[PDB]
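A look at the structure
Next come the chains, spelled out residue by residue.
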Amino acid sequence: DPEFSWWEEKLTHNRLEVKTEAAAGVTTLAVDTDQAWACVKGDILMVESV
Amino acid sequence: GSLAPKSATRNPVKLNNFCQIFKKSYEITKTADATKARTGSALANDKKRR
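Here is what the cut-offs are and how they apply
Residues numbered from 1 in each chain as written, not as in the entry; some residues may be left out. Chains lettered and ligands numbered in written order. Part of a larger assembly, values for the part shown. Heavy atoms only, no water. Helix = DSSP H or I, 4+ residues; strand = E, 2+ residues; numbered from the N terminus. Buried < 20%, exposed > 50% of the residue type's maximum accessible area, 1.4 Å probe, protein only. Areas by Shrake-Rupley, 256 points an atom, 1.4 Å probe, with all protein chains shown as cover. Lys, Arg positive; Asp, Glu negative; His and termini not counted. Charge placed at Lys NZ, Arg CZ, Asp CG, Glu CD. Salt bridge = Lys/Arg side-chain N within 4 Å of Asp/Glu carboxyl O. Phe/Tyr/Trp six-rings, centres within 6.5 Å; stacked < 30°, edge-to-face > 60°.

Listed as the method for this PDB entry is cryo-EM; the listed resolution is 2.8 Å.

The name given to chain B in the PDB entry is major capsid of VP1, with Vibrio cholerae as the source organism. This entry appears in the Protein Data Bank under the title "Capsid of Vibrio cholerae phage mature VP1".

Under the PDB entry, chain A has the name major capsid of VP1 and belongs to Vibrio cholerae.

Have a look at this one:
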């Protein structure tokens, strides 16, 4: 056919990005679109640093 | 011609740790299990990812 396609997939870390500043008290975090669907109840997350 | 000296001693230090519980799961409908896909069987890929 004049057009051809193929698929790829990556196995890597599970990183999320916080879009808006969140204070110490708040318990709801705004992240990038569709990024929250990857996490479920019981997951343990850590804040990154340089 | 002196008496024996008074004695002294000391103790070790203690350390401890806990045990954690880990779980990951996968799920698929039996209809989608019996369907054909170009990328392959969905159940096997999901098991690999998890």
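What follows covers the overall build of chain A. Counting secondary structure elements, chain A contains zero helices and zero strands. The principal-axis extent of the C-alpha atoms belonging to chain A is close to 60 × 25 × 20 Å. By the burial criterion, 0% of the 50 residues in chain A qualify as buried. Looking at chain A as shown, the accessible area adds up to about 5600 Å², and 55% of this sits on carbon and sulfur atoms. Positive and negative charge centroids in chain A, built from 4 and 10 side chains respectively, lie 8 Å apart.

The next point concerns the pattern of salt bridges. With the rule as written, the count across this model stands at five salt bridges over all chains. With its nearest N and O atoms 2.8 Å apart, the salt bridge here joins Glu9 of chain A to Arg49 of chain B. Residue classification places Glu9 of chain A among the exposed positions, given a relative accessible area of 59%. The class of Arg49 of chain B is partly exposed, set by a relative accessible area of 39%. With a shortest N-O distance of 3.0 Å, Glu17 of chain A and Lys19 of chain A are connected by a salt bridge. A single salt-bridge network, built from bridges that share partners, covers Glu9 of chain A together with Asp46 and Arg49 of chain B.

All names here are of chain A. Evaluated as defined, the whole model comprises one aromatic pair over all chains. Centre to centre, the rings of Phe4 and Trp6 are 6.4 Å apart; their planes meet at 20 degrees, and the pair counts as stacked. In terms of burial, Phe4 and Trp6 fall into one category: exposed.

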